[PDB]
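Only one chain is given next, in structure tokens, and it is the form deposited in one PDB entry.
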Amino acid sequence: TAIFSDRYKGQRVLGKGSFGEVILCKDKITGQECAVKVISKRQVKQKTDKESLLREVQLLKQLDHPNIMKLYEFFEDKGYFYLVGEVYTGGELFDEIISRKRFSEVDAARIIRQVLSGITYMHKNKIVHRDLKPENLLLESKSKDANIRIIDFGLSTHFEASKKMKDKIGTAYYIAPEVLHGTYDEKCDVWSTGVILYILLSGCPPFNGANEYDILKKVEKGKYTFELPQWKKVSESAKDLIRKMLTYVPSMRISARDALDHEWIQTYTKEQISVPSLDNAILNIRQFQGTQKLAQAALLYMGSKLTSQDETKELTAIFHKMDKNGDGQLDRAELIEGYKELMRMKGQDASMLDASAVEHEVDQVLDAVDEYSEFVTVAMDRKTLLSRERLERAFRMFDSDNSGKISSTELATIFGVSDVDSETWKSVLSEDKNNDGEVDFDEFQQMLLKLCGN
């Protein structure tokens, strides 16, 4: 077999996506940069057999469209799959939108035409996405005229969805009703695209609720309206398209290809042109995006705290066992070995892909120490860092008026999206013995710590 770390070295962590971590990697010979998704066999089950995954990868590697992520290679070892593809540096679609002055039906139409164009093409090759959502739409580069690239086509056919709310944040808004009941086809991608279209034009989900299951109930019933005030600013042809895409019975639902010929797409994408800014839509999208990202950061922070506890004590156990004389001390070599040992047990950390990468992390930890218990504390704080800073930056972003505080109403929203229990979070707060009806960042962080057994 060919080995992933023989070819690629990891540069830096790009983020978390469906089914695993994504690393920026570089070919050790040619210097080609690529994005690598590392899927752990221990945390993600396969729905299909080997042969079927291989033939699907062999197909994906051959496909080519300007709105679909390019896949280059695939590797597999004892514990992991590695999907190697083209790296995109423009970030998520919605983050580019919320940093705009104007946004019109014209900008929406140009977004949606690209999305429908990639989808159309993948459906002709019998590949269905199933989990189409804003996070899966990346901008190819930081440029102004950059294409949208859809990531994760085909994956959900081969790998089972996580049940953890860490991993499901914001998926219920987009999912087709028929995917909930088991019988689904390519039309599920049109539904998801109509949900995204609805949000682009109103800033709000068509099927919404106070918690994950409430949202799913709305989706299953399938009723939505155009009753919000900002829909008055919207053409009727956009409403007609949305209706066709959010048609409940999939055989009555419009195809991706047919949707590219809809009058709204034709009208509003003319290079010619022939139109107001939907400022309310943009405000709500800015609010939506901050809420989703704060809830996502809250869960990852809590998850990272539990992992940190689990690995801190295990490393301590490994190093104690390694301590042959029992004096509490170890040299550079034992530290490396013990750290490696930790990763056989707990699986490879995305950013430690080989023995060389562990050494530099050790050597980095030592540079800040220049006694195995000081090493443990420093090495673990360095794995929490990204979580603790992501949380603070996510709290700062969500606090749009810079008041330094989040109200109880906003906590409800955040904890509902995070699917944490109304009575449970209210109880943690109380342990705010003074009821301002609001919390600053330190208090919010204490709430989360208390919701994960600290």
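Only the largest set of C-alpha atoms that superpose within 1.5 Å between the two forms is called the rigid core. Note that residue numbering begins at 1 and tracks the sequence as displayed.
Although not depicted, the form deposited in another entry is the subject of the following passage.
Of the residues checked (155, 318, 242, 83), the rigid-core alignment between the shown form and the other one shows a Cα shift of at least 2 Å for 318 alone. A displacement of 2 angstroms or greater separates the C-alpha positions of residue 363 between the shown form and the other one, with the rigid core held in common.
Comparing the forms between the shown form and the other one on their rigid core, the Cα displacement of residue 377 reaches 2 Å or more. The Cα shift for residue 180 between the shown form and the other one, taken after rigid core superposition, is smaller than 2 angstroms. Shown here is a form in which the CA atoms of residue 142 and residue 202 lie at least 3 Å farther apart than they do in that other deposited form. The pair residue 385 and residue 168 is at least 3 angstroms farther apart at the CA level in that other deposited form than in the present model.
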